[PDB]
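For this one, two forms of the same chain are given in structure tokens, first as structure 1 and then as structure 2.
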Structure 1
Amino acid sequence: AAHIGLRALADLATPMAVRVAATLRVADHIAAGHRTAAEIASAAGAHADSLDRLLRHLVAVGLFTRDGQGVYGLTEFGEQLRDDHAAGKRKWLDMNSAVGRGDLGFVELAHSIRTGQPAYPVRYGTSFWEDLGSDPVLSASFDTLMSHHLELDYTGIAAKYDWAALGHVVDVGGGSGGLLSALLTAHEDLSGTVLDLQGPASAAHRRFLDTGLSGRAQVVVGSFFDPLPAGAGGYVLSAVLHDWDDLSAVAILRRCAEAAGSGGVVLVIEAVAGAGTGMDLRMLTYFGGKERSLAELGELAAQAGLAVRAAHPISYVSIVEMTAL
């Protein structure tokens, strides 16, 4: 990766140009017939002269084509910007999407490096969760993005662990219930509850009504820093811990160990340090969170009165099993 050049590696022009085009849905406009800078500008609500400059830059990058008459077109590479593209990439870049909005926080990375605190608040004046809690567009956006994450690393998850033996599973920070949905469908005698904030919890309850699972699945609006529904055989922490600093992480794990007691299990499911540095920084900038190794996970577990008993690889992520220490 050293074969690029210091400056080029630090370039912000191209990444932002791509993000602006994704946001302005430029690719969809030209595919719809709006081909000139003027046509695309009036269609996307932009300034023709300025938009043209951004298009020229993106042509140089190879996403678009421009003939001698100023008529633009999509290259096979540019087709990826279309909102209907099968790879679903435009969504991650749109500044209106949860992650598209959040990645701009990297502009304030110096603050996180100097303080260890999240950069997202320095840019938007509030926490990521608070923002999603106030805006259903952002919340729904983040949920959709997570569903995409579930597909990639969770397919066949029901077969990678003995979920049936749990009897009842509590998904702590379970989102809209996509994971619990997959588990209950495969294991018909299993029951479970989604514990999350109003937003996701409501979406999950809506999901259960829709797929006819409300009978075995329920929802609990609550904070995982507070006492959790006790008595369950297992508590799942799916892509949650990396969102928090050590202090908060142990707080969450501690509430899980509490609820699980001597008889239950706590399952942390996420990419152990074994994504990498890139996601780690994203976690730091967004929430002051972090990617951890199985060892760091063990250190956190001990502090909550828990112990790692096993770690099951399932894809890009792993399932780490913990029980009363």
Structure 2
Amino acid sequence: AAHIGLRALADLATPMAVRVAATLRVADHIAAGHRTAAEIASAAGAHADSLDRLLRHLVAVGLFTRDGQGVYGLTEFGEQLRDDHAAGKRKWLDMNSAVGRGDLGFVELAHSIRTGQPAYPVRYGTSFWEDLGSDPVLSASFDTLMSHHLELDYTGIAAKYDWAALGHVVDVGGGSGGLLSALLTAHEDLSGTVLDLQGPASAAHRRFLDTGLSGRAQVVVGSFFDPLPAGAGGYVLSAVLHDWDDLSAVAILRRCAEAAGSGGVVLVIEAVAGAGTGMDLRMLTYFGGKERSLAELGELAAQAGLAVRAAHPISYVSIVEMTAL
């Protein structure tokens, strides 16, 4: 990151200003015709002088434009803040979304680096999953988010592997079914089931029902720490292991080992170290999880009686295939 000055490199004013902008939808208000601080503030329900001061800072940062009359506009860059923008980044920074909220837990990083425990609880007084499990709205935003992460990192994962051969795929921690839906849409004789908590499971169900996939896709509300529906061709763990510490990760893999038996395949699909150090710190502060390497996944697999037998990179992530030892 060049040579800014340690103080500027540790600046919180700017990223927080962006996050607040995202949350106030300032960009969308600007496009809808509100351009002065007074108008924008009224539209967003913010303090005029304070909002104006925030905008002046973001103008400097390079997201907004401001003319002598006090009329603000967006820049090529500031366009990415619009809620309708193609990259859909605004929702990730919105302090109301699960991740826009979770990231503020970074303000407690010290506790994580000191104890190895997650920081999120220090800030919100409860674990991440517990927090979602009791706030359906919050949980829904998280589902939408993980759904978006799929379009972003798993484009065409359907062809990058022989899914059809599996016959039946169990998506352990499958969220709202975005991935399973994708697999089944590309392989018409394939069937599967999403195993997750109440929130995502019900969402997965709504999706399959509305999409005309209920004939091949089913959901099951359960904890992947307990026995899984057994006998399927393959068990998928998409963005799930890095959310857990080593001990819980093997517990999970262990359950997939058993469900898969001697004829099943366990497929860990996530950002393998090699997926930056930023995401790794997020896993640490959120759940005390971590981004792992193929070697590190190999170790976990060994403890669960599995072995890596393949690892296919597919854009941002990789599909590491494990089978009974």
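Just so we're on the same page, rigid core means the largest C-alpha set that superposes within 1.5 Å between forms. Start at 1 and count along the sequence of structure 1; that gives the residue numbers used here.
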{"item": "Residue among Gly102, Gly178, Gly78, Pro200 with C-alpha shift of 2 Å or more between structure 1 and structure 2, core superposed", "value": "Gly78"}
{"item": "After fitting the core, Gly261 CA displacement of 2 Å or more between structure 1 and structure 2", "value": "no"}
{"item": "Threshold 2 Å Cα movement between structure 1 and structure 2 at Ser293, rigid core reference", "value": "no"}
{"item": "Rigid core fit then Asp280 CA moved by 2 Å or more between structure 1 and structure 2", "value": "no"}
{"item": "Core-referenced Cα shift (Å), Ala41, between structure 1 and structure 2", "value": "3.6"}
{"item": "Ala140: CA movement between structure 1 and structure 2 [superposed on rigid core, Å]", "value": "1.1"}
{"item": "Distance moved by the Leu213 C-alpha between structure 1 and structure 2 (core-aligned, Å)", "value": "0.5"}
